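Here's the structure, in structure tokens; my notes come after.
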Amino acid sequence: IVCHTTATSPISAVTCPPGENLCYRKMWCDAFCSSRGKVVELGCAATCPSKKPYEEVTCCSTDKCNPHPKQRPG
Amino acid sequence: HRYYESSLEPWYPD
């Protein structure tokens, strides 16, 4: 499948290398840790890379299901 | 310019 890259490029669903059997949604806090909370460095990953502490990672297998919740006027 | 959890555009996100 494909996954969006928020860490690398700007944000585009581009197939990943051999390993990521799905996508994911990482979270932490930009270098500015704005009031927007954490970030959304989605992408590809073998499996829910979710950590435990902050490293709040997710998953996404659907076609471009890495479109974190942000695309909205607010 | 960022992909936070409140926007996707580098105008609304940052």
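Just remember, in the structure tokens the first chain shown is A, the second B, etc., residues are 1-based per chain, and ligands are 1-based in the order shown.
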
* **Residue list for chain B near chain A as a PyMOL selection string, 6 Å, only C-alpha atoms** => chain B and resi 3-8

* Those in segment 19-71 of chain A with strand (DSSP E or B) from DSSP, as a list in words -> residues 22, 23, 24, 25, 26, 41, 42, 43, 44, 45 and 60 of chain A

Atoms kept (N, CA, C and O atoms) for selection, written as a PDB file, in the first residue's frame:
```pdb
ATOM      1  N   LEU A  22       2.150  -1.826   6.168  1.00  0.00           N
ATOM      2  CA  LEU A  22       1.055  -0.885   6.343  1.00  0.00           C
ATOM      3  C   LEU A  22       1.625   0.508   6.619  1.00  0.00           C
ATOM      4  O   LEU A  22       2.830   0.725   6.500  1.00  0.00           O
ATOM      5  N   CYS A  23       0.733   1.417   6.984  1.00  0.00           N
ATOM      6  CA  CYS A  23       1.131   2.782   7.275  1.00  0.00           C
ATOM      7  C   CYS A  23       1.123   2.969   8.795  1.00  0.00           C
ATOM      8  O   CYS A  23       0.967   2.005   9.541  1.00  0.00           O
ATOM      9  N   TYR A  24       1.297   4.217   9.206  1.00  0.00           N
ATOM     10  CA  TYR A  24       1.314   4.542  10.622  1.00  0.00           C
ATOM     11  C   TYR A  24       1.203   6.053  10.838  1.00  0.00           C
ATOM     12  O   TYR A  24       1.336   6.830   9.894  1.00  0.00           O
ATOM     13  N   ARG A  25       0.959   6.423  12.087  1.00  0.00           N
ATOM     14  CA  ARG A  25       0.829   7.826  12.440  1.00  0.00           C
ATOM     15  C   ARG A  25       1.578   8.120  13.741  1.00  0.00           C
ATOM     16  O   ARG A  25       1.063   7.865  14.830  1.00  0.00           O
ATOM     17  N   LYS A  26       2.783   8.650  13.587  1.00  0.00           N
ATOM     18  CA  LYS A  26       3.608   8.979  14.736  1.00  0.00           C
ATOM     19  C   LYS A  26       3.184  10.340  15.290  1.00  0.00           C
ATOM     20  O   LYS A  26       2.618  11.160  14.567  1.00  0.00           O
ATOM     21  N   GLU A  41       3.691  12.728  12.124  1.00  0.00           N
ATOM     22  CA  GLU A  41       4.668  12.230  11.171  1.00  0.00           C
ATOM     23  C   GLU A  41       4.299  10.815  10.721  1.00  0.00           C
ATOM     24  O   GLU A  41       4.995   9.854  11.047  1.00  0.00           O
ATOM     25  N   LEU A  42       3.204  10.732   9.981  1.00  0.00           N
ATOM     26  CA  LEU A  42       2.732   9.451   9.483  1.00  0.00           C
ATOM     27  C   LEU A  42       3.738   8.902   8.469  1.00  0.00           C
ATOM     28  O   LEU A  42       4.762   9.528   8.203  1.00  0.00           O
ATOM     29  N   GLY A  43       3.410   7.736   7.931  1.00  0.00           N
ATOM     30  CA  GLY A  43       4.272   7.094   6.952  1.00  0.00           C
ATOM     31  C   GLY A  43       3.974   5.597   6.857  1.00  0.00           C
ATOM     32  O   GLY A  43       2.830   5.176   7.022  1.00  0.00           O
ATOM     33  N   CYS A  44       5.024   4.833   6.591  1.00  0.00           N
ATOM     34  CA  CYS A  44       4.889   3.391   6.472  1.00  0.00           C
ATOM     35  C   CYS A  44       5.619   2.742   7.649  1.00  0.00           C
ATOM     36  O   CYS A  44       6.535   3.333   8.220  1.00  0.00           O
ATOM     37  N   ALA A  45       5.185   1.533   7.980  1.00  0.00           N
ATOM     38  CA  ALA A  45       5.785   0.798   9.079  1.00  0.00           C
ATOM     39  C   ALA A  45       5.306  -0.655   9.037  1.00  0.00           C
ATOM     40  O   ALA A  45       4.163  -0.925   8.670  1.00  0.00           O
ATOM     41  N   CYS A  60      -2.273   2.485   9.661  1.00  0.00           N
ATOM     42  CA  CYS A  60      -3.094   2.882   8.531  1.00  0.00           C
ATOM     43  C   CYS A  60      -2.777   1.955   7.357  1.00  0.00           C
ATOM     44  O   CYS A  60      -1.661   1.964   6.840  1.00  0.00           O
TER      45      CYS A  60
END
```

* Which is closest to residue 19 of chain A among A:54, A:59, A:66, A:46, if we use only C-alpha atoms? ->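 Among A:54, A:59, A:66, A:46, it is A:46 that comes nearest to residue 19 of chain A.
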